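Presented below, as structure tokens, is a lone chain in the form solved without ligand MTX.
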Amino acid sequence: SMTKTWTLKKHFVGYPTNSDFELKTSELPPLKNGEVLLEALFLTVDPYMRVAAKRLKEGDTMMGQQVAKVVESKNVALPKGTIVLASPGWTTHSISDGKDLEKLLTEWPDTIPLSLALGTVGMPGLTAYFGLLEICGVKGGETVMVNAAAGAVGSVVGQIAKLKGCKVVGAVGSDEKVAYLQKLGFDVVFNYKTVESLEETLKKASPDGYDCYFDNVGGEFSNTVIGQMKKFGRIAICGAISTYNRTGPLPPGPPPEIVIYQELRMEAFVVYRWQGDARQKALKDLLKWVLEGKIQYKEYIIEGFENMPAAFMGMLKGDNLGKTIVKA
């Protein structure tokens, strides 16, 4: 089959632009025994791609995950029709020998979109699950501050927090995202771009401070939040998207005198640390919570593979309510 592929023509400077991407067509080689041919059904764009793209050489395929269907098979375990998760990058077709492939949960129902395996019941949901439950170690009754709270990770973080008996304070980048999270049952939601004083807004959202901080943004926003952590407060360091598209130098680090006096524990993590029984258990919990109504989901489906860079840039700018997904 003929395949389409998005490649990094020029390393990003600040935010990506259309000129930074280049579409290339290629013919795929024939299948050898044991291999399968995968047709992409849904591809994801995620903030981490902005950082990962710096490690690429110009001309390389952009990295990313997809839900795909086996359309040609010489592997009996993966017959035609099998749905899998694969990470060949931003490409419409690929060949795999089956080792780097994951099948969906065997209990996956036909009533939830297949693309949820890239969002709330996929990598972002697992990031929220372990970052909140093990790094922050929330145990109930605490107050959690989560930013980028309408994103793929943040929205799952807040909903798990509510389901564990927590107060949740969410910061988002648009008025539409404020309304969306209020429907979900977030205690406080505010638009960090428009508030008069971020420090006063956080103080009013939790005058006694915050037990936990699920941090996706970093930068100066996290310096202000660190000034309102309770003593022995815990910060889960997940991402720093406010810094990824920076053109200048990094902002000042968190004020060390506040950090010491409050004796904060700040641990970073990557979702891929958890595997095996622990990972399967978390995925099942995510699916159960979705079907019970305890976790709601929202998607922003963009049609057309060659619109993928536009989907990535819009996601980077906070312009899309719900998980940005490209339908092939």
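The first residue of the shown sequence is 1; numbering continues from there.
Not on display, but discussed next: the form solved in complex with ligand MTX.
**Student:** Taking heavy atoms and a 4.5 Å cut-off, does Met266 contact ligand MTX in the deposited bound form?
**Tutor:** So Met266 does not count as contacting ligand MTX.
**Student:** Would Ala278 count as touching ligand MTX in the deposited bound form under a 4.5 Å heavy atom rule?
**Tutor:** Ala278: no contact with ligand MTX in the deposited bound form.
**Student:** Considering only heavy atoms, tell me if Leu28 and ligand MTX come within 4.5 Å of each other in the deposited bound form.
**Tutor:** Outside the cut-off, so no.
**Student:** Taking 4.5 angstroms as the cut-off for heavy atoms, does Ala52 touch ligand MTX in the deposited bound form?
**Tutor:** Flag for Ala52 set to yes.
**Student:** Using a 4.5 Å heavy atom cut-off, which stretch among 196-204, 136-144, 72-80, 120-128 contacts ligand MTX in the deposited bound form?
**Tutor:** Residues of 120-128 come within 4.5 Å of the partner.
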